[PDB]
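Colleague: Quick one: this structure, given as structure tokens, is what I'll be asking you about.
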There are 2 protein chains.
Amino acid sequence: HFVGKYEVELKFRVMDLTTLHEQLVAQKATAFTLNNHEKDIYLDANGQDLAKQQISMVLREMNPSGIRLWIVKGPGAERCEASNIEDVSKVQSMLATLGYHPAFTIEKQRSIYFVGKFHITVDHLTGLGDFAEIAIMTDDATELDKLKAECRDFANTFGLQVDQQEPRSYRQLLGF
Amino acid sequence: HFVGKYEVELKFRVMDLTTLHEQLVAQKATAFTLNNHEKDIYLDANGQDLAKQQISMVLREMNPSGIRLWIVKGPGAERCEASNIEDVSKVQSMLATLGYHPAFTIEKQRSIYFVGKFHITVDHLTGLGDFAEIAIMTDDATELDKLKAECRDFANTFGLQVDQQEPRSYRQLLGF
Ligand SMILES: Nc1ncnc2c1ncn2[C@@H]1O[C@@H]2COP(=O)(O)O[C@H]2[C@H]1O
Ligand SMILES: Nc1ncnc2c1ncn2[C@@H]1O[C@@H]2COP(=O)(O)O[C@H]2[C@H]1O
Ligand SMILES: [Mn+2]
Ligand SMILES: [Mn+2]
Ligand SMILES: [Mn+2]
């Protein structure tokens, strides 16, 4: 479910969580991980070198699931790779040696469900409210066309509507 | 054994592999890895930004132990940190996004033994020959001189003498 260098996705504001849960049930979604607090530390160079290239780099800690991820997103909104790491402070030290330092933090509550090849991620952020994203990862850039159309078809059958679309990232929404 | 951000290390050309091995037995060394093939991919920015800071960055694969490491050495002498990684190609792709690309590769056969607080590495490099590294990692900068002198004593005890000390790195010896 998380294999590749590209994450094809469509994100929406969710206005009613009960209806979302019903939409999930209707699609026979299965739970991957539920109700994790994710703390994302974003790193960048002193002169915001990565952000100036549309790149974000995150050390993510997920609790209680215990997962820790090193994530590089971009350039732009499709490219996304992650590596499991065992020791966040060790990787953060190593990145600091290379000149990347904590820039800001984004926290959220996240649940991830699966329906066939798709993953559905349901997020809550304090100022901002609830979001749901339909996504699929691929290693093959030639496919991004097919897959984005497929995401749209699934979003449509699921019940997630264009009026509620939210194209911006959390760092864009929060002003980072 | 591999805890810290400093590594104190002395490397020697090995003139007498038999004595070295005989002493590993005498001193009841424990084998951590034996006769592994190690392939080290060195990475740097196009402008050699890391070398200009006396930083080296390596992705190492050791077989058959299946250990994979991301290693950042430097800046300058005695600084070294490493992280276990699941997948070299994944980390390599992530670092390429940040601007670090393969510069050259070094291969060697390496065995790693522990004796008390020390580790001793016995290396063979096709063009170059046989070497041994005597090393210890620490987080404490206040003991580095003592540790280095202890490494030299310990090395003499395996038949490794000051006149066979080799200050150049493998990258230097191989013209990289
Ligand atoms: N264990 C995991 N849990 C959640 N996402 C993961 C995991 N492993 C890899 N990923 C992927 O890494 C990506 C990092 O950015 P996203 O949160 O947008 O989406 C994430 C997933 O596609
Ligand atoms: N699991 C491990 N196996 C081997 N070396 C390790 C491990 N974890 C950390 N290291 C250190 O990473 C260093 C990388 O550079 P060296 O080969 O000189 O010495 C290595 C060890 O001191
Ligand atoms: Mn996503
Ligand atoms: Mn995802
Ligand atoms: Mn070592």
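Simple scheme: letters A, B, ... for chains in structure tokens order, numbers from 1 for residues in each chain, numbers from 1 for ligands in the order shown.
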Residues near residue 83 (chain B), anyone? I mean within 7 Å using only C-alpha atoms, not counting same-chain ones fewer than 5 positions away, as an MDAnalysis selection string.

Modeller: (chainID A and resid 90:91) or (chainID B and resid 69:71)

Colleague: If we count only C-alpha atoms, what is near residue 133 (chain A) at a cut-off of 7 Å, once residues fewer than 2 positions away on the same chain are taken out, given as a ChimeraX atom specification?

Modeller: /A:9-12,120-122,131,135

Colleague: If we count only C-alpha atoms, which residues of chain B reach to within 9 Å of chain A? Please list them as a ChimeraX atom specification.

Modeller: /B:5,50,55,71-72,74-75,81-87,90-91,93-95,97-98

Colleague: What gap, in Å, lies between CA of residue 140 (chain B) and CA of residue 2 (chain B)?

Modeller: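 The value is 13.4 Å.
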
Colleague: Any idea what's packed within 9 Å of residue 108 (chain A), counting only C-alpha atoms, ignoring anything in its chain fewer than 4 positions away? Could you give it as a list in words?

Modeller: residues 36, 37, 38, 39, 40, 123, 124, 125 and 126 of chain A

Colleague: Show me, as a list in words, the residues that have an atom within 8 Å of residue 99 (chain A) when counting only C-alpha atoms, minus same-chain residues fewer than 5 positions from it.

Modeller: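 Counting only the stated atoms, we get residues 44, 45 and 46 of chain A.
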
Colleague: Could you please take those selected residues and save N, CA and C atoms as a compact mmCIF listing (two decimals), in the first residue's frame?

Modeller:
# COMPACT_ATOMS: atom_id res chain seq x y z
N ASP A 44 14.60 22.16 7.57
CA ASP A 44 15.06 22.80 6.36
C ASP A 44 16.40 23.50 6.65
N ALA A 45 17.04 23.95 5.57
CA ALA A 45 18.33 24.63 5.71
C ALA A 45 18.10 26.07 6.16
N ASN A 46 19.18 26.76 6.54
CA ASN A 46 19.02 28.08 7.14
C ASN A 46 18.29 29.09 6.25

Colleague: I want to know what sits within 7 Å of residue 119 (chain A), based on only C-alpha atoms, with residues of the same chain fewer than 2 positions away left out; could you give that as a PyMOL selection string?

Modeller: chain A and resi 112-115+117+121+134-136

Colleague: Grab the residues selected above and save them as a PDB file, in the first residue's frame with N, CA, C and O atoms.

Modeller:
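As a result, part12.pdb now contains:
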ATOM      1  N   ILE A 112      -6.048   5.632   9.128  1.00  0.00           N
ATOM      2  CA  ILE A 112      -5.836   5.224   7.730  1.00  0.00           C
ATOM      3  C   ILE A 112      -6.639   3.960   7.522  1.00  0.00           C
ATOM      4  O   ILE A 112      -6.530   3.000   8.339  1.00  0.00           O
ATOM      5  N   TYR A 113      -7.441   3.935   6.454  1.00  0.00           N
ATOM      6  CA  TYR A 113      -8.221   2.762   6.053  1.00  0.00           C
ATOM      7  C   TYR A 113      -7.809   2.345   4.636  1.00  0.00           C
ATOM      8  O   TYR A 113      -7.308   3.137   3.859  1.00  0.00           O
ATOM      9  N   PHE A 114      -8.059   1.082   4.325  1.00  0.00           N
ATOM     10  CA  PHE A 114      -7.841   0.554   2.994  1.00  0.00           C
ATOM     11  C   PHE A 114      -9.165   0.164   2.309  1.00  0.00           C
ATOM     12  O   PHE A 114     -10.070  -0.439   2.921  1.00  0.00           O
ATOM     13  N   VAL A 115      -9.315   0.507   1.025  1.00  0.00           N
ATOM     14  CA  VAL A 115     -10.384  -0.094   0.198  1.00  0.00           C
ATOM     15  C   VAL A 115      -9.734  -0.500  -1.112  1.00  0.00           C
ATOM     16  O   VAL A 115      -9.274   0.365  -1.873  1.00  0.00           O
ATOM     17  N   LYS A 117      -7.088  -1.179  -3.638  1.00  0.00           N
ATOM     18  CA  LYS A 117      -5.753  -0.601  -3.817  1.00  0.00           C
ATOM     19  C   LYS A 117      -5.617   0.810  -3.227  1.00  0.00           C
ATOM     20  O   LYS A 117      -4.526   1.374  -3.239  1.00  0.00           O
ATOM     21  N   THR A 121      -7.203   8.354   4.175  1.00  0.00           N
ATOM     22  CA  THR A 121      -6.614   8.877   5.382  1.00  0.00           C
ATOM     23  C   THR A 121      -7.579   9.938   5.923  1.00  0.00           C
ATOM     24  O   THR A 121      -7.985  10.825   5.184  1.00  0.00           O
ATOM     25  N   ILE A 134      -8.120  10.428  -0.496  1.00  0.00           N
ATOM     26  CA  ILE A 134      -8.093   9.133  -1.209  1.00  0.00           C
ATOM     27  C   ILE A 134      -6.758   9.124  -1.918  1.00  0.00           C
ATOM     28  O   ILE A 134      -6.435  10.115  -2.574  1.00  0.00           O
ATOM     29  N   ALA A 135      -5.963   8.066  -1.761  1.00  0.00           N
ATOM     30  CA  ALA A 135      -4.639   8.056  -2.371  1.00  0.00           C
ATOM     31  C   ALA A 135      -4.179   6.671  -2.828  1.00  0.00           C
ATOM     32  O   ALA A 135      -4.654   5.656  -2.364  1.00  0.00           O
ATOM     33  N   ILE A 136      -3.230   6.670  -3.740  1.00  0.00           N
ATOM     34  CA  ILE A 136      -2.507   5.453  -4.083  1.00  0.00           C
ATOM     35  C   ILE A 136      -1.058   5.804  -4.444  1.00  0.00           C
ATOM     36  O   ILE A 136      -0.802   6.841  -5.048  1.00  0.00           O
TER      37      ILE A 136
END

Colleague: Which residue, A:78, A:16, A:145, A:61, has the smallest gap to ligand 4 when you use only C-alpha atoms and all ligand atoms?

Modeller: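 That would be A:78, the residue with the smallest distance to ligand 4.
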
Colleague: Which of these, A:27, A:169, A:157, A:138, has the shortest distance to residue 3 (chain A) once you count only C-alpha atoms?

Modeller: A:138

Colleague: To one decimal in Å, tell me the separation between atom 9 (C, counted along the ligand's line) of ligand 2 and CA of residue 132 (chain B).

Modeller: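 Atom-to-atom, atom 9 (C, counted along the ligand's line) of ligand 2 to CA of residue 132 (chain B), that is 17.0 Å.
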
Colleague: Out of B:100, B:118, B:154, B:42, which residue has the shortest atom-to-atom distance to ligand 5 when counting only C-alpha atoms and all ligand atoms?

Modeller: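 Smallest distance to ligand 5 is found for B:118.
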
Colleague: Nearest to residue 51 (chain B) among B:144, B:103, B:17, B:31, with distances taken over only C-alpha atoms: which residue is it?

Modeller: B:103

Colleague: Based on the backbone DSSP call, show me all residues of region 38-118 of chain A assigned strand (DSSP E), as a PyMOL selection string.

Modeller: chain A and resi 38-44+56-63+68-73+80-84+101-115+118

Colleague: Write down as a list in words the residues belonging to region 1-137 of chain B that are assigned alpha helix (DSSP H) by DSSP computed on the backbone.

Modeller: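 The residues of region 1-137 of chain B classed as alpha helix (DSSP H) are residues 17, 18, 19, 20, 21, 22, 23, 24, 25, 26, 88, 89, 90, 91, 92, 93, 94, 95, 96 and 97 of chain B.
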